[PDB]
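**Student:** Pasting in a structure now, in C-alpha cells, and then I'll have a few things to ask.
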Amino acid sequence: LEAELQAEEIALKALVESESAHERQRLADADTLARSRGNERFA
Amino acid sequence: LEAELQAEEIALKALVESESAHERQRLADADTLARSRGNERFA
Amino acid sequence: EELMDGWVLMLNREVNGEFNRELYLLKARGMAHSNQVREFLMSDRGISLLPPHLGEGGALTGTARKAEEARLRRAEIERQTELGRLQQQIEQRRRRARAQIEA
Amino acid sequence: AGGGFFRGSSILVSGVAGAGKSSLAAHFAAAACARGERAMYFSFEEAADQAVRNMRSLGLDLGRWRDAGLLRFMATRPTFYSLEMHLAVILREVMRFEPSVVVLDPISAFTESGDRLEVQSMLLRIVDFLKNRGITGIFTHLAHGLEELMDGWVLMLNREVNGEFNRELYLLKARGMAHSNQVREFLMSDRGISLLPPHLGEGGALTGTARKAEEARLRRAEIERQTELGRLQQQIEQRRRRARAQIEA
Ligand SMILES: Nc1ncnc2c1ncn2[C@@H]1O[C@H](COP(=O)(O)OP(=O)(O)OP(=O)(O)O)[C@@H](O)[C@H]1O
Ligand SMILES: [Mg+2]
C-alpha cells in the first residue's frame, strides 16, 4: 500500500508539472501572437 | 465509509457550484451579445 | 446617390427556399444609428421590424431562426438531463454508504 | 513609424459611401487648425452649415476654426464652373490664404464634368501645384488615375458580416516609412474615430459581435479544461487517501 501511495504522489507531481508547463507555453504563444499583430515596432 | 460519504458530499457541493457559475456566465454573455446588437444606445 | 443625407436599402433575398425581407441604413449623416441588417414583415399593420437576432452564429432569418431556436432548446434539455443523471448517481452512492454504515 | 505621413505628401482616402472619408479629412483639417496652422477644405457635395452640423456629432468643432480665421470651408457644385475655372479658382484661393493643409472632398465628383483625360489633366495640375509649395493634400475618393501619384493611401471599409456592418481601415500605401499591415476595426462616436485593440486569436479576422462570441467561447473552453484537471486531481488524491485508510487498518 505504501508503494501504491508513493506512486500516486509521483502522479500528482507530474500532473502539476504538466499544468505549469502548459500555462507557460500559452503565455509565450500569446506574447508571440500579440507581437506579430502589434504596433510596437513603430514606437 | 464515513470518509467516503463526506467526500461524496464535497463532490455534490462542487457540482452545484459549477452549475451556478455556468448559469451566471451564460446570462452575462447573453447580456453582452444583446448589447452589441441592440438599439438601446440610440434611446 | 452622393447628394443624399440618408440611404435606406431594402433587401428581399433567397435563403433556405424562401424569400425574407430585410433593411438597413447605409447612410445617415449627422447622427448615430444602428448598424444591424434587421428583418421585417409586412401586414395589415404596416411594416413591423422583428426583434434582433441573438445567437453565437447569428445572421439567420425566417424559418432557419426558429429551427435554431428549437435546436438550442433541445441542447439545453440534453445538458440538463446529463447533469440530473450525474447528481442522481452520486446521491445513490451516498445512500449506499448509509446502508452499509447502518449495518 | 515617426508619427504620421510626411508633410508635403499627397494622401488619398478611398471607400464606399458612409465609410468615413469626410470624417477623416475633417479630423486632418481640425488638427491642422488646432496646431495654429491654416487649412482649406474644398467640398463639392455638401454645404458649409450642413457639413459643420454633420461634423459636430463626431466631436469636431469646425465652427470654432472658421470663426477664428484658421479654416476656410469652400463649397461649390461640380457644375457651377468649367474644368478650367474650377482649377483657376482653387489655385487663386490657395495662393491668397497660404494654407498648410488642403482637402478636396471628393475627387470623384468631377467624373461627369468632362472627358476622363480632361478631368485627369485638371486634377494632375491641382496636385502638382499643391506639391510644389509644400502643401499637404488630402483627397477623398469613392471606391467602385492619379492613384499612382499618391504618397499615402488609406482605404476605409464598411462590410457586412453576420448580419451587421463593421467599419475597418488599412494603409494600402505609405512610401518612405514603415507602417502596420493590419486591417484594423474602428468605431465612430462623440469622441471621433477610435481604433479598437488588435484581434488576437488562432483563427483571427473576426469583427464586431463575432469577436465577443469567440471570446466567450474561449472562456468556456478554458473553464471546461480547468474542471477536467480538477476532477482528475481529486480522483488521484482520493486514491491516496484510500491507501492511507488501509495502511492505518
Ligand atoms: N455621433 C455619431 N455617432 C456614431 N456614428 C456617427 C455619428 N455621426 C456620424 N456617424 C457616422 O459617420 C458617418 C459619416 O460618413 P461620411 O460622410 O464621413 O463618409 P463619406 O465617404 O464622406 O460619405 P459621402 O458619400 O456622403 O461623401 C455617418 O454615416 C454616420 O453613420
Ligand atoms: Mg462625404
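Heads up: the sequence lines are chains J, H, G and I, in that order. Per the authors' numbering, the first sequence runs over residues 516 to 558. Per the authors' numbering, the second sequence runs over residues 516 to 558. Per the authors' numbering, the third sequence runs over residues 413 to 515. Per the authors' numbering, the fourth sequence runs over residues 258 to 401, 411 to 515. A virtual CB, placed ideally from N, CA and C, is assigned to each residue, including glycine.
(1) At 8 Å on the CB atoms, spell out the chain I contacts of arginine 552(H), in chain order.
(2) Just the C-alpha distance for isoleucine 525(J) and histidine 537(J), rounded to the nearest angstrom, thanks.
(3) Of all the CB atoms in chain H, is at least one closer than 9 Å to the CB of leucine 423(G)?
(4) At what residue ranges does the region 419–468 of chain G contain a whole run of the beta strand (DSSP E), taking only runs of 3 or more?
(5) Are the beta-carbon atoms belonging to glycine 474(G) and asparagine 432(G) less than 9 Å from one another?
(6) Can you tell me whether residue 404(I) is helix, strand or coil according to DSSP?
(7) Where do the N-terminal and C-terminal ends of the beta strand (DSSP E) with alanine 543(J) fall, by residue?
(8) Any idea which residues DSSP pairs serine 267(I) with across the strands?
(9) If you reduce the DSSP assignment to three classes, tell me which class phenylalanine 301(I) lands in.
(10) At a cut of 8 Å, does the region 331–346 of chain I reach the region 300–310 of chain I through at least three beta carbon pairs?
(11) Rounded to whole angstroms, what is the Cα-Cα separation between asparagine 428(I) and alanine 476(I)?
(12) Can you pull out the residues from the region 442–464 of chain G whose beta carbon lies closer than 8 Å to at least one beta carbon of chain H?
(13) Is the shortest distance between the beta-carbon of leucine 399(I) and the beta-carbons of chain G less than 9 Å?
(14) Could you check if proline 363(I) belongs to the surroundings of ligand 2, using beta carbon to heavy atom distance under 8 Å?
(15) Could you compute how far the alpha carbon of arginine 541(J) sits from the alpha carbon of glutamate 488(I)?
(16) State the beta-bridge partners of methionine 342(I) as determined by DSSP.
(17) For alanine 549(J), which residues in chain I fall below 9 Å Cβ to Cβ?
(18) Taking buried to mean at least 16 other C-beta atoms within 10 Å of its own C-beta, is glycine 293(I) buried or exposed?
(19) In chain order, what residues of the same chain have a beta carbon less than 8 Å from the beta carbon of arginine 425(G), not counting five sequence neighbours either side?
(20) Could you work out which residues of chain H lie near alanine 511(I), taking near to mean beta carbons separated by less than 8 Å?
(21) Compare the Cα-Cα distances from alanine 440(G) to each of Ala274(I), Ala288(I), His284(I), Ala289(I) and report the closest residue.
(22) Using three-state DSSP, classify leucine 328(I) as helix, strand or coil.
(23) What's the gap between the Cα of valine 449(G) and the Cα of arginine 321(I)?
(24) Leaving out five residues on either side along the sequence, give the residues of the same chain with a beta carbon under 8 Å from the beta carbon of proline 464(G).
**Tutor:** Quick look at the numbers:
(1) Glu430, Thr475
(2) 18 Å
(3) no
(4) 431–440, 450–455, 458–461
(5) yes
(6) Missing here is residue 404(I); chain I as given proceeds from 401 to 411 without the residues in between.
(7) Note, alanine 543(J): premise wrong, no beta strand (DSSP E); alpha helix (DSSP H) at 517–550.
(8) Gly394(I)
(9) coil
(10) yes
(11) 8 Å
(12) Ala444, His445, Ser446, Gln448, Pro464
(13) yes
(14) yes
(15) 12 Å
(16) Per DSSP, none; premise fails for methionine 342(I).
(17) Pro464, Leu466
(18) exposed
(19) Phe431, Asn432, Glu434
(20) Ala518
(21) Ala274(I)
(22) strand
(23) 37 Å
(24) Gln448, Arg450
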